[PDB]
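To begin, one chain is listed below as structure tokens, in the form deposited in one PDB entry.
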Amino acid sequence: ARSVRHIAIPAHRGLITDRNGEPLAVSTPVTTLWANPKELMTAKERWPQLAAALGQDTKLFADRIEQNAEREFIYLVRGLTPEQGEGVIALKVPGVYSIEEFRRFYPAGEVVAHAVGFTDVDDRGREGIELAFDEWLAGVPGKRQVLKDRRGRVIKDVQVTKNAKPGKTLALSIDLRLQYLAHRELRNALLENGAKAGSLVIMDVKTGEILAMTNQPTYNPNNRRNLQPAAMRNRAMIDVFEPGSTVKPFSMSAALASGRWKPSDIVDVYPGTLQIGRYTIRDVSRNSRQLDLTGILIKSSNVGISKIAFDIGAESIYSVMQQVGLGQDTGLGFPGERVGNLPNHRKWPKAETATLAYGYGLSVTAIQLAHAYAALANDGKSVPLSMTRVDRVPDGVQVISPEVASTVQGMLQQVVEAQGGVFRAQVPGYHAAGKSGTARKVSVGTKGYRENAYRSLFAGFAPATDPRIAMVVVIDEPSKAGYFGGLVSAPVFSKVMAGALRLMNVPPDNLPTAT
């Protein structure tokens, strides 16, 4: 019974910070106390003092030790603070030992839970960034030998056979300040609107960095006691949806690149419907007989966009959408991330051509939509997405001509700023641009759509004079104060964009309305 034992030396898991060094996941030093029952059995009159110092009931504590009198090792308590373990060891109770351990702590908790994820009881990454970069972050535990006698009392630390190796630091692209702002405002809007879920993505249009990514519902990764599966989802990355009218700027980009359309062109949209075979295209706004190109986007005419689509054909539309990354692998490798679906057909009937152009029959993620709007904002130059801090600006791919992008930027500025436009999306002190959308949710137990359940969207970027930031707001089943994208999601865009631009010290380009 007198032999040497090898015990592990816990390795320090790598620090996860935001883009500026703000800790997001940190391995904190804790103290675990263990006992040698055989030794404690000789110090019985120290039990009541020891039990009390452990916050345990004298008798229940005594039952524990007695039931284990045979054993040489049992945990007393795990994960005390260093000073708490210091106090109990200082009592000098025979057979009580301490070992230094680590506990993974998440300082911003629920604010960044979906992005960062968490580690399991073996601090192996199980969700999110903790999972995706587990190899980078994980340390290598060491090993050492201890000598124990017949009764199991430790008499000597013999040697370290293997040093512990710490994991590596990882800096995310996220700006925690923006993440806090986005988290709070999304939560507020979810609650004001009695919505079921939501996502908000902010992107640096020049660098491809994800500055903020938040979802509702969320959870506290430091306390997962009553955690339900639904709250764990990074919906921005892993859930798909039909983008609806938020793809209209890309259909318009195809129209302009085709050589067949120009901004002054007028389209007749009377009577606000278009019959094609059995299916009917319907406009919601029906207070105009004709619209120029800009007014098609301002009023969000499905009939208008459909007529342009029939003229240019589906292939030109499919092509811009593929080019801006809709339904395409993002290359981020976030666990569970979806590619979505951009349908490719042998032949395109009018029906499928029209619905593609106004954003149904395809499915995207909120990250993809934001990336697509970044391309438009960045003068038609698409840059790869990143969830880690970028050192040097990546090489972009010119996916939309600068000229077309410039015109479409102007139209989207008009969608926000012009009379009859989405005025709730106006950003104090700035010129913003963007597009609202409203989509019926898909039926649960059949094909087709729900009658009274909706997804509210707004996508945009700012400032219009030199776009820095793109943002997408998606809100599921608002039920208390309307459901249109320009009612529900646009105000979120306004407030978050305002705070974001200020936090990033972007100078106001609209002083007639500044703060």
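Each residue number is its position in the shown sequence, starting from 1. Only the largest set of C-alpha atoms that superpose within 1.5 Å between the two forms is called the rigid core.
K.L.:
In at least a third of the other compared PDB entries, does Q49 have no coordinates?
P.N.:
No.
K.L.:
At a threshold of one third of the other compared entries, does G445 come out as unmodelled?
P.N.:
Yes: coordinates for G445 absent from at least a third of the compared entries.
K.L.:
Comparing 281 to 289 with 432 to 440, which has the greater mean CA B-factor as deposited?
P.N.:
Looking at the recorded C-alpha B-factors, 281 to 289 comes out higher on average.
K.L.:
For the C-alpha atoms alone, is the average B factor greater in 29 to 37 or in 473 to 481, going by the entry?
P.N.:
Taking the mean C-alpha B-factor of 473 to 481 and of 29 to 37, the larger value falls to 29 to 37.
K.L.:
Among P271, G421, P335, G198, which residue carries the highest C-alpha B-factor recorded in the PDB entry?
P.N.:
If I rank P271, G421, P335, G198 by C-alpha B-factor, first place goes to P271.
K.L.:
Which one of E352, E209, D175, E185 shows the biggest C-alpha B-factor in the PDB entry?
P.N.:
Among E352, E209, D175, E185, the highest C-alpha B-factor in the entry belongs to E352.
K.L.:
Quick check for you: using the entry's CA B-factors within this chain, is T465 in the lowest, middle or highest third?
P.N.:
Its C-alpha B-factor, which the entry lists for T465, ranks in the highest third among residues of this chain.
K.L.:
Would the CA B-factor of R455 place it in the lowest, middle or highest third of its chain?
P.N.:
Tercile = lowest for this residue's CA B-factor.
K.L.:
Please rank the C-alpha B-factors of the chain's modelled residues and tell me whether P507 sits in the lowest, middle or highest third.
P.N.:
As the PDB entry reports it, the C-alpha B-factor of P507 lands in the highest third of its chain.
K.L.:
In terms of the CA temperature factor given in the entry, to which third of its chain does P94 belong: lowest, middle or highest?
P.N.:
Highest third.
K.L.:
Ranking the modelled residues of this chain by C-alpha B-factor as given in the entry, is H114 in the lowest, middle or highest third?
P.N.:
Bottom third by C-alpha B-factor.
Beyond what is shown, the protein has a form deposited in another entry; the following relates to that form.
K.L.:
Align on the core first; then indicate which of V240, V154, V397, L332 has a CA shift of 2 angstroms or more between the shown form and the other one.
P.N.:
Per the superposition, the moving residue is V154.
K.L.:
Core aligned, does the CA of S27 move at least 2 Å between the shown form and the other one?
P.N.:
Moves: no, less than 2 Å.
K.L.:
After a core superposition, would you say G85 shifts its C-alpha by at least 2 Å between the shown form and the other one?
P.N.:
Yes, the C-alpha position differs by at least 2 Å between the shown form and the other one.
K.L.:
Once the two forms are fit on the core, has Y75 moved its CA by at least 2 Å between the shown form and the other one?
P.N.:
Yes, because once the rigid core is superposed, the C-alpha of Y75 moves 2 Å or more between the shown form and the other one.
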